[PDB]
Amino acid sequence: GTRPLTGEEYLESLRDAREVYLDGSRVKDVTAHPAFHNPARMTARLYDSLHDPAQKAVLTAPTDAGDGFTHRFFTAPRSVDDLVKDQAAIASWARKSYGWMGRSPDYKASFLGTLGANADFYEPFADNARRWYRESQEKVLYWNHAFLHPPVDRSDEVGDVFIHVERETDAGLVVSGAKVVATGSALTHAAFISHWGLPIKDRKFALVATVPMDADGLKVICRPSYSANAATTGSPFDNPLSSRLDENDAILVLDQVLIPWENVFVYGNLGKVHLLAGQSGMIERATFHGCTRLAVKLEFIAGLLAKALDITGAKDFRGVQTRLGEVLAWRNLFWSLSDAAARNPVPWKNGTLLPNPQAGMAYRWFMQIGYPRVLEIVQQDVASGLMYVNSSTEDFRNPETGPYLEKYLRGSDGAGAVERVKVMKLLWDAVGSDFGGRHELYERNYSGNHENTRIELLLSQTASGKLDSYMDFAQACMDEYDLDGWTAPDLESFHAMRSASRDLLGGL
């Protein structure tokens, strides 16, 4: 009746008039350019998996309308069993990219999956949500989350650097402005414009809507591409992760883009723009998605580290095994947070369920200390062994250097130099490369800075009265005694021997 996109169909959808810029040049074909080519084929694997009959039970589910099937995470869960199956689907796609591609098409489904039960929240534009929910289910659409405001000067009415309406036509809304760190945007179908907060509180800034990536006026200015650089100066062997998994955090610029009314979710309502960051249900599911994925990535890094320690022979050392288990401990933590999130949900709109908020609010903090610790352990237990490597694959083919490398760069496993160098460069690409550096910064500030993640945690529990409960808990301990002694009947104060002991040092 109705199927989602295939790998090729997704690729064809990117071959439009989108205006992507990189290294001063405009990218003619996004699916052909080295910066996006292999990443696009990687995303195509996700779409192709939806059509594999051996994976349909895990990955797919009916599309509410029932005319077809869709990616499971694009549908609202109505039971714990659904959320457990949601977890498997997320972990499935995560493994296909080895846990590195955070902005896979299923991530933004953390928002899209709630447009069905939470449509009325977007009044008067509630019907727009009702259709985009239907369609994003129908095609399994790829949206990017553009919400971060660009840096602004403080010197005068020039607040127009923000996304803003310049004109209200009958067709829709003429919009100019920009958003930063629009990760993966160049390979998406549409940019979802939102805000973490309005600096100027006027109607023209209060806009939440989706815009097609080929919209006239919309331009994409890329950050330096680690995948493109790996194509020209590196190799699949020397740069296994960066060359095919790099998600470009590009600048998204709108120049008088016409946003149709059918694409608007919120407009003018500064409250709903504010309430979106906590009542949309995205953050509960986004943390649910990210935690499950991070758990998968840790398995990959743990396996990488384990193979590395076997090759260097450091696996035999006791201290090294402690830190390896430490990496495994963090792996179990995020699997447990994901388990708690999926299996201990909270009731939401129209009989649907959101993953455990308290499991999600904790993930935002421990990711900022856990992931760097993992990267630190690698730098500590492998150390300079990561630098025991050659320039490129040409060094092994060159008769002048090849034999030397195989003689002096062997592993302890009985492994060859090729195997050792292969793991070391793979590990380094995950830890010390431009790609690894970006991902460390990524997993550290992915949801917010290290202060706000904890503060928003305090505020959330204060508002929910949980903080009041903790203080009442402590107060219950204090109510059981006073300056005279215990107030609880079943406890003895030992007034006699206490005063007797006090008198033992009397007159001194």
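Counting begins at 1, following the sequence as shown.
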query: Missing from the model but present in the deposited sequence, between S155 and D156; finding: 1 to 3
query: Comparing 140-148 with 309-317, the one whose average Cα B-factor in the PDB entry is higher; finding: 309-317
query: Of 43-51 and 475-483, the stretch whose C-alpha atoms average the higher B-factor in the entry; finding: 475-483
query: Selection from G99, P199, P224, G370 [criterion: highest C-alpha temperature factor in the record]; finding: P199
query: Candidate set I259, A430, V389, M213 [ranked by C-alpha B-factor, highest]; finding: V389
query: Where the record places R293 (Cα B-factor, split into thirds across the chain); finding: lowest
query: Ranked against its chain, the third holding the CA B-factor of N332; finding: lowest
query: Third assignment of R285 from its chain's C-alpha B-factors; finding: lowest
query: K422 - which third its CA temperature factor falls in, relative to the rest of the chain; finding: lowest
query: Record-listed C-alpha B factor of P355: chain third; finding: lowest
